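Lettering of chains follows the sequences in order, A, B, ..., and the numbering in each one begins at 1.
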Amino acid sequence: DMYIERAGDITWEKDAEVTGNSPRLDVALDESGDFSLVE
Amino acid sequence: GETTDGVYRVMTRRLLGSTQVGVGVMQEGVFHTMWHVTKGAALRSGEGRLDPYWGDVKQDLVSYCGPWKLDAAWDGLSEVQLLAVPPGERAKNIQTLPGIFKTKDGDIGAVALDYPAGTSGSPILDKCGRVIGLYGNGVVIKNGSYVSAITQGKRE
Ligand SMILES: Nc1nnc2ccccn12
């Protein structure tokens, strides 16, 4: 039995931690909602 | 139950202790999460019940109490923020420049941020604080890193 609990407001934070790269990838999406890489 | 707009953890007591299986967004009286988090099951909010209203396994999205309300889209140029809500940890904003998933049916934004599976359904926001999609359906690339699509539904 699943339940929800509030965790916060949805707002943009000025000067939040900035990380992550920006990969451009060829992908396929199957009928089950699974993404896979196309090579 | 609590109907206030915001980000929520999705918990279960079926397993050992209380386990966070995902996250979702309450907006305009509708609860939005990824399909793989709830498998379409009903949810509890205090003494109240939230019943599924729309869902789609291929999009990996589900809405409760009403139709999907989130319609903002990534502009294709700007940095965004993942409002990550990790299991047992406080909500935290992470800013990043999305990459792209190129598919035979068009391009989708993608965020290269690696968080526990229980963070699925955390919202990705633009600079106006609008939810442009949910984090948690993606792929594991060559180096073993996780890259999530920015998954957004359609507002009818
Ligand atoms: N880090 C990671 N690996 N697989 C997944 C799946 C969903 C959300 C996060 N994930």
**OP:** Could you look at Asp56(B) and say if it's the side chain, the backbone, both or neither that has a heavy atom under 4.5 Å from chain A?
**Re:** neither
Original post:
Under a 4.5 Å heavy-atom cut-off, does chain A meet the side chain of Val85(B), its backbone, both or neither?
Top reply: side chain
Original post:
Between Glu5(A), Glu17(A), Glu39(A), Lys14(A), which shows the greatest number of heavy-atom pairs under 4.5 Å with chain B?
Top reply: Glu5(A)
Subject >> Partner chain B: residue of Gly33(A), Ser22(A), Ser36(A) with the largest heavy-atom pair count (under 4.5 Å) >> reply: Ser22(A)
**OP:** Working to the nearest 0.5 Å, report the span between CG of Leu29(A) and CD1 of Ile108(B).
**Re:** 6.5 Å
Original post:
Are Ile141(B) and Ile150(B) grouped together when hydrophobic residues (ILVMFWY) are joined by side-chain heavy atoms under 4.5 angstrom apart?
Top reply: no
Subject >> 4.5 Å side-chain heavy-atom contact, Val18(A) and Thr96(B) >> reply: no
**OP:** Check whether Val131(B) gets within reach of chain A through its side chain, its backbone, both or neither, counting any heavy atom under 4.5 Å.
**Re:** side chain
Original post:
Mind checking which of residues 38-52 of chain B sit less than 4.5 Å from chain A, heavy atom to heavy atom?
Top reply: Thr38(B), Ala42(B), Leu43(B), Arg44(B), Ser45(B), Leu50(B)
Subject >> chain A interface, residue from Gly109(B), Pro98(B), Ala110(B) that has the most non-hydrogen pairs under 4.5 Å >> reply: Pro98(B)
Subject >> Within-4.5 Å side-chain heavy-atom neighbours: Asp1(A) and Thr12(B) >> reply: no
**OP:** Mind checking the CD-NZ spacing from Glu13(A) to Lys92(B)? Nearest 0.5 Å is all I need.
**Re:** 10.5 Å
Original post:
Do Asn137(B) and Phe35(A) touch side chain to side chain, with heavy atoms closer than 4.5 Å?
Top reply: yes
Original post:
When clusters are formed by joining ILVMFWY residues with side-chain heavy atoms under 4.5 Å apart, either directly or through shared neighbours, do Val23(B) and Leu113(B) land in the same one?
Top reply: no
Original post:
Given that the side chain runs from C-beta out, which part of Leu83(B) has a heavy atom under 4.5 Å from chain A: side chain, backbone, both or neither?
Top reply: side chain
**OP:** Indicate if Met26(B) and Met2(A) have the same hydrophobic cluster label, given that clusters are the connected sets of ILVMFWY residues with side-chain heavy-atom separations under 4.5 angstrom.
**Re:** yes
**OP:** Please answer: with hydrophobic residues joined when any side-chain heavy atoms are less than 4.5 Å apart, are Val25(B) and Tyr135(B) in the same cluster?
**Re:** no
Original post:
Can you list the steps and then say if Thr4(B) with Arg6(A) is a side chain to side chain contact (heavy atoms under 4.5 Å, CB included)?
Top reply: CA-CA 8 Å; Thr4(B) 312; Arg6(A) 201 164 186 274; 3.9 Å; yes
Original post:
In terms of heavy-atom proximity below 4.5 Å to chain A, should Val147(B) be classed as side chain, backbone, both, or neither?
Top reply: side chain
Original post:
If you group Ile, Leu, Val, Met, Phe, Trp and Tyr by side-chain heavy-atom gaps below 4.5 Å, do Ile132(B) and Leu61(B) land in one group?
Top reply: no
Original post:
Atom CD1 in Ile100(B), atom CZ in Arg24(A): separation rounded to 0.5 Å?
Top reply: 5.5 Å
**OP:** Starting at CD of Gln95(B), measure out to CG of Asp15(A) and round the result to the nearest 0.5 Å.
**Re:** 8.5 Å
Original post:
Hey, which of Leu125(B), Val140(B), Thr19(B) has the most heavy atom pairs under 4.5 Å with chain A?
Top reply: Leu125(B)
Original post:
So what's closer than 4.5 Å to chain A heavy atoms on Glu79(B): side chain, backbone, both or neither?
Top reply: both
Original post:
Is the shortest heavy-atom distance from the side chain of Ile4(A) to the side chain of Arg9(B) under 4.5 Å?
Top reply: no
Original post:
OH of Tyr3(A) to CE of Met11(B): how many Å apart, nearest 0.5 Å?
Top reply: 4.0 Å
**OP:** Pick one of side chain, backbone, both or neither for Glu31(A), based on which atoms fall under 4.5 Å of a heavy atom in chain B.
**Re:** backbone
Original post:
Hey, which of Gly1(B), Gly129(B), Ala112(B) has the most heavy atom pairs under 4.5 Å with chain A?
Top reply: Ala112(B)
Original post:
Which residue out of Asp9(A), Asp30(A), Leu37(A) racks up the most heavy-atom pairs below 4.5 Å with chain B?
Top reply: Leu37(A)
Subject >> chain A interface, residue from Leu82(B), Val139(B), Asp105(B) that has the most non-hydrogen pairs under 4.5 Å >> reply: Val139(B)
Subject >> Inter-residue atom distance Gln81(B).CD - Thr11(A).OG1, 0.5 Å rounding >> reply: 8.0 Å
Subject >> chain A contacts, top residue of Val21(B), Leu97(B), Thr103(B) (heavy-atom pairs, under 4.5 Å) >> reply: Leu97(B)
Subject >> Partner chain A: residue of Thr151(B), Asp107(B), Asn93(B) with the largest heavy-atom pair count (under 4.5 Å) >> reply: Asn93(B)
**OP:** Select one option (side chain, backbone, both, neither) describing which atoms of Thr19(A) are under 4.5 Å from chain B's heavy atoms.
**Re:** both
Subject >> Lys102(B)/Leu25(A) under side chain to side chain contact (heavy atoms under 4.5 Å, CB included): CA gap, chis, key distance, verdict >> reply: CA-CA 6 Å; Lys102(B) 307 171 70 167; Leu25(A) 309 157; over 6 Å; no
